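Protein chains in written order, with the entry's author numbering: chain B, 1914 to 1921; chain B', 1914 to 1921; chain A, -4 to 70, 78 to 231; chain A', -4 to 70, 78 to 231. A prime marks a further copy of an entry chain.
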Amino acid sequence: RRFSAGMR
Amino acid sequence: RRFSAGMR
Amino acid sequence: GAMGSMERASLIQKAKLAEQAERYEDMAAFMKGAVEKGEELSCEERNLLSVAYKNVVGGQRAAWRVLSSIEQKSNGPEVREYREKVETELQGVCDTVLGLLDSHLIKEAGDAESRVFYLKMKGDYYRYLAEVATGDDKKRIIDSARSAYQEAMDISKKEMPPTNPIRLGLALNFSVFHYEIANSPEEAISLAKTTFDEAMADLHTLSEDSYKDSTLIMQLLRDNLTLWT
Amino acid sequence: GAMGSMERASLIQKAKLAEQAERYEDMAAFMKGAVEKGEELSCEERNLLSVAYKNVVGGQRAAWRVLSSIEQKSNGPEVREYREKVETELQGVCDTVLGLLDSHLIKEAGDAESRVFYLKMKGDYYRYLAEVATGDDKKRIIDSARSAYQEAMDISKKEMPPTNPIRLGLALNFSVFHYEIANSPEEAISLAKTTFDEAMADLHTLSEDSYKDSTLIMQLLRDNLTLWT
Ligand SMILES: N=C(N)c1cc(-c2ccccc2)c(CNC(=O)c2ccc3cc[nH]c3c2)s1
Ligand SMILES: N=C(N)c1cc(-c2ccccc2)c(CNC(=O)c2ccc3cc[nH]c3c2)s1
Ligand SMILES: [Cl-]
Ligand SMILES: [Cl-]
Ligand SMILES: [Mg+2]
Ligand SMILES: [Mg+2]
């Protein structure tokens, strides 16, 4: 699953 | 931490 | 109740969906609604009730322990206030579960499997109350947990084999009660060891699937004995 | 608001305690109360607000995805009903955050660091609305996310270095918007690659600590490019 900033 | 049943 | 207008079967279906979604507060609300329909619960349904509230109260207990540790180190009002807020919410969940057991799951449980399950749960939620108790009711809370556990043990020894997973989980939790609530570590060790050994001697009677169920809980008893000795 | 009687400083202190306790709904309520005091937020405080709601909406989004998958496979009313319940709660959280940004965090943000932070958040919470949108407002939701992200990008390119972690996380999330919301995978890949390369060429200006901050987010851009190409 791709990363967004909130999940670092 | 000791185990109780709920955390198997 | 806010779940009074929903079908029992729909509440059970939604509790299972909430479990898959890791929405345990929703799962508990749905199972509370199912209980309040007034019919006895099946084995699967009892398990859904137990899992839901285990997860809800488990998050509260873990939070309480973090906050209590911070509070102890600090010894403004904020840490005490916030620990009290979590504590009060935790106590409210325990009171809700105990209320479901008393009105009327236990009195209507006319099978050893169901009655032992519910009496174990009663011991568990009085135990969680005891973990945070301090005032003039702590000793009565502890005795209420002990009494529920003991009645469940008495029934389970008469009516269930020593490998039954409800019996094993009951003995596991009663041993934890002895060790960290009742300040009876030798009782705790004795109970875990006798439970483990009597289950071992009964494994030969089991199918491959039941053997996996029983040995899973035996491993928890063993790991506790390793920690305590 | 239920937090109107608590001191601002006490709300911030309790938000930090809630974070340590993994009580993110409480953390969000405390930070909502702090915002509603009407003073601008510090860098640390902005981060506390972002972390709190990230975790709240993140659990809702993960639950929604589980339920939507089950609903798709099924295609009684229970699965749709329960997905709708979670969806409605998620939308309510997004509306609350957007309301805090509009009343009045963004208009009072008179520094690039604060204004870009809030405009990124506005894009993020319109994006979460877009993930579940289907009806006659989906296209307007997407355009609202794009507009907030674009204004934040414009400011960040003028006012921040290419290694600034807010700028990097903004570009990361705008690239995710392009890829999976706007159906613009080539825009997404182009943005991630240009952001990564311009940050790399700026690393030589940084301290050891800033270098760790920036390269952490660069790694997320790289992992996305690996997934998308
Ligand atoms: N949704 C869930 N989480 C569950 C649904 C059912 C279920 C499903 C269908 C019929 C009956 C029960 C569960 C049943 N587990 C037991 O009976 C059991 C067995 C072994 C151990 C060891 C420790 N505890 C145990 C419990 S768990
Ligand atoms: N309680 C928390 N979770 C935090 C408290 C503070 C804080 C504490 C004191 C002063 C200022 C801020 C945080 C600050 N992080 C940043 O500025 C920053 C740095 C690097 C990256 C990379 C991705 N995102 C980033 C954010 S996080
Ligand atoms: Cl509080
Ligand atoms: Cl529902
Ligand atoms: Mg009916
Ligand atoms: Mg004041």
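Even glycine gets a Cβ: it sits at the ideal position worked out from N, Cα and C.
Quick one, are the C-beta atoms of residue i and residue j less than 9 Å apart?
{"i": "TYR151/A'", "j": "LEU170/A'", "result": "no"}
{"i": "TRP59/A'", "j": "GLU161/A'", "result": "no"}
{"i": "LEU218/A", "j": "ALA194/A", "result": "no"}
{"i": "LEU92/A", "j": "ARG56/A", "result": "yes"}
{"i": "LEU208/A", "j": "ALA1918/B'", "result": "no"}
{"i": "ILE7/A'", "j": "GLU40/A'", "result": "yes"}
{"i": "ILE168/A", "j": "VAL118/A", "result": "yes"}
{"i": "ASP21/A", "j": "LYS87/A'", "result": "yes"}
{"i": "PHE1916/B'", "j": "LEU36/A", "result": "no"}
{"i": "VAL52/A", "j": "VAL95/A", "result": "yes"}
{"i": "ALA23/A", "j": "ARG3/A", "result": "no"}
{"i": "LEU205/A'", "j": "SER216/A'", "result": "yes"}
{"i": "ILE183/A'", "j": "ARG224/A'", "result": "no"}
{"i": "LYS9/A", "j": "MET1/A", "result": "yes"}
{"i": "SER212/A'", "j": "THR165/A'", "result": "yes"}
{"i": "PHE179/A", "j": "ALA154/A", "result": "no"}
{"i": "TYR48/A", "j": "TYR127/A", "result": "yes"}
{"i": "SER158/A", "j": "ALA114/A", "result": "yes"}
For residue i, count neighbouring C-beta atoms within 10 Å of its own C-beta (all shown protein chains included) and say buried if the count is 16 or more, exposed if not.
{"i": "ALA(-3)/A'", "result": "exposed"}
{"i": "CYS38/A'", "result": "exposed"}
{"i": "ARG142/A'", "result": "exposed"}
{"i": "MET1920/B", "result": "exposed"}
{"i": "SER69/A", "result": "exposed"}
{"i": "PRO79/A", "result": "exposed"}
{"i": "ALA190/A'", "result": "buried"}
{"i": "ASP138/A", "result": "exposed"}
{"i": "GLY(-1)/A", "result": "exposed"}
{"i": "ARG85/A'", "result": "buried"}
{"i": "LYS214/A'", "result": "exposed"}
{"i": "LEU229/A'", "result": "exposed"}
{"i": "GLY125/A", "result": "buried"}
*Between the stretch 190 to 206 of chain A and the stretch 8 to 17 of chain A', do three or more beta carbon pairs fall short of 8 Å?*
no
*Is the stretch 34 to 46 of chain A' in contact with the stretch 101 to 119 of chain A', if contact means three or more CB pairs nearer than 8 Å?*
yes
*Please specify which runs of the alpha helix (DSSP H), each continuous and at least 4 residues long, are wholly inside the stretch -4 to 56 of chain A, giving them in chain order.*
3 to 15, 19 to 31
*Considering only residues of the stretch 165 to 216 of chain A, which uninterrupted alpha helix (DSSP H) runs meet the minimum length of 4 residues and lie entirely inside it, listed in chain order?*
167 to 182, 187 to 202
_Secondary structure, alpha helix (DSSP H): runs of 4+ residues fully inside the stretch 78 to 163 of chain A_ = 80 to 102, 114 to 134, 140 to 161
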